[PDB]
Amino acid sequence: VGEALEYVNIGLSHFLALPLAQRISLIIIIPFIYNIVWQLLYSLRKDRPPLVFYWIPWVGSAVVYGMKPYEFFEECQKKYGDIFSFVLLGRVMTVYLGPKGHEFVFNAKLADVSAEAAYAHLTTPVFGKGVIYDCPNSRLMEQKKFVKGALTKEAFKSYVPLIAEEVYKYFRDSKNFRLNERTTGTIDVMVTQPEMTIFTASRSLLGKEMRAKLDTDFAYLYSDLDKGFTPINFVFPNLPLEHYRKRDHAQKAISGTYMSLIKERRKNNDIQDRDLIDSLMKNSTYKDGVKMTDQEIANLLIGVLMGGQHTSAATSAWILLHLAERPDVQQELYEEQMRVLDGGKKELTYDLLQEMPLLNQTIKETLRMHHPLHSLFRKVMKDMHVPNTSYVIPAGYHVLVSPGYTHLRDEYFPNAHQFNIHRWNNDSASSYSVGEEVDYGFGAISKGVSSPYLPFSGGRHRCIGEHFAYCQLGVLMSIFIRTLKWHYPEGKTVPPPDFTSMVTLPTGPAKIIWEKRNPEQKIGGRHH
C-alpha cells in the first residue's frame, strides 16, 4: 500500500547513489530501451505511416540514408510501400515515393508545409539575410519573379555568344586544356566543370566586371563560400570554427563587391539591360511597395548563382562522363552540330540551340539519371491527411519527396539504368505542362505535378533556372562536341554518385582523356 510508495522513494534514493560507472551505463541503456519500446508502440498506430526501425536514438537511419538514399528508398518501398517514415538526426522524415508523392508535397497547400522552415538554417548563412528562405513565401515568389525577368529569350540570345566566348577562353588558357599548345590531355571533370560553370554563369548573369574579378584572388572567396554549402550545416549551422568564419567572411566580401558595383552603376546612371544586376536594379520592388535593399539584391545574386553553380556543374560533369564511354553518341551529336551549324560555318545562336534535339535530349537524359538533388524537403506545419489512406502526418514532421528516385524506376522509364538519349525522341523539351496552368507569383507553370520526369520540381517552389541551365549546358556541350573527342582511361567507367554532398555530384577523381578533333585548330585572342 503506502509501504510500496516508500520503496519507490527508497529506490530513487538508491538510484542516485549508484557508482557513476553504472550510472553512465544506465543513462545509455535507458534511452536505448525506451527508444525500442516507443517504436514498437508506435507501430500500433494505424494513422501513422510505417516507421523504419532504428537502433540508435536521435541518429535514426541517417547513416544509410546519407550514404545510399535511393537504395534505402527501394528497400523501404519493398517492405512498406510508397509511404513510410524514418528518423534522421532528431527529425522524423515522411517519404512519399512516386508521382502521387510529387502531388502530395509539391502541390501541398501553403499553410500545410514550409520549405523555408526546412532550408533556412542551411542557406541563410551562405547567401545572406532577407532573401530566398530568410523571408516569407510571398517574398520568395516575387524574388523569383525578379530573377525570371533577366531570364528571357532575348536575354538568352545575348548570353549565348558570351558563354561561348568563355568556353573558348577556357579551352585556350586553362592549364587543363591549352588547346593551342596541346592536342590531347587528361582532366578531372570535377575540376574543369565547376570552373567552366562559374566563368560562364558569372560573365552572363553578373557581367564583365564580376567575371573579371574571378581572374584574381577574389576567386578564393567563392571557394570559401562554397564550403558553407554543406549538409553539415543542417545539423551544425554555426560552430565556432574557421570553416564557418571564412564562409561568413566570404559572404560579406562577395556581397560587398556586388553592392559596390550596384551603387557605382546607380551613381553613374549606368543601368542598362546587360545582366541580372541591371535587371534587379530596375526591377526589385515588391507588390506592397517595399524595395529590396542593395544587401538583399546582392544576397539574392549569391543564392541564385551558387545554386545554379552546383546543379549545372554537376550536370555537365555527368554528361561528359556518360559520353566518355559512348563514342557512338558523341558521333551522333557531332553530326547534328555539322548539319545545324552548316559544317561549323554558322555561329551558334540561341535559336540554333533549339534546333539541336539530340544535344538537348542528352541533357534531358543526364538529368533523368542524375537529378542533382536526390531529396526535397518541406516541414509539415499542420496535420496532413494522406488521401485514400488513414495516415495522418502530424505537424513537426518533415515530408520528403524524391523525383530522382522515380527517374530510375523501370516502370516509368524502361531500362532506367541505361543511358539512352533516344528515349526522348520527338520529346526533347526540357519539360512542359501537359495541361492546366497556375501562377504563384513568378509566371504560369504546370498545375499538375504528376509527371514521373520532374528534375525541376513543380508547384510554388519550382525551378526558374531551367532555361538558363539548358542554354549554358547547351552552348558548353555544343563546343565540347565540335572541338573534342574524349574517352576513359583504361578500365575506368562512370563513377557512382557522391550522395553525401549538397548536390549528388560524381565520386572523384573522375578523369577523362580528351583529344582535339582538329589538332591544328587555333583559338584566337590575347593571353600572357
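In case it trips you up, residue 1 is the first one in the sequence shown, and so on.
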Original post:
In the PDB record, does 342 to 350 or 191 to 199 carry the higher mean Cα temperature factor?
Top reply: 342 to 350
Subject >> Residue stretch of maximal mean CA temperature factor, 327 to 335 vs 107 to 115 >> reply: 107 to 115
Original post:
Between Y412, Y244, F146, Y96, which one tops the list for C-alpha B-factor in the PDB entry?
Top reply: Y244
Subject >> Selection from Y440, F177, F127, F229 [criterion: highest C-alpha temperature factor in the record] >> reply: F229
**OP:** Ordered by C-alpha B-factor within the chain, which third holds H407? Give me lowest, middle or highest, please.
**Re:** lowest
**OP:** Just say lowest, middle or highest third for the CA B-factor of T500 relative to the other modelled residues in its chain.
**Re:** highest
Original post:
Relative to the other modelled residues in the chain, which third contains the C-alpha temperature factor of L484: lowest, middle or highest?
Top reply: lowest
Original post:
When the modelled residues of the chain are sorted by Cα temperature factor, does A21 land in the lowest, middle or highest third?
Top reply: highest
**OP:** Tell me, lowest, middle or highest third: where does the Cα B factor of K157 rank within its chain?
**Re:** middle
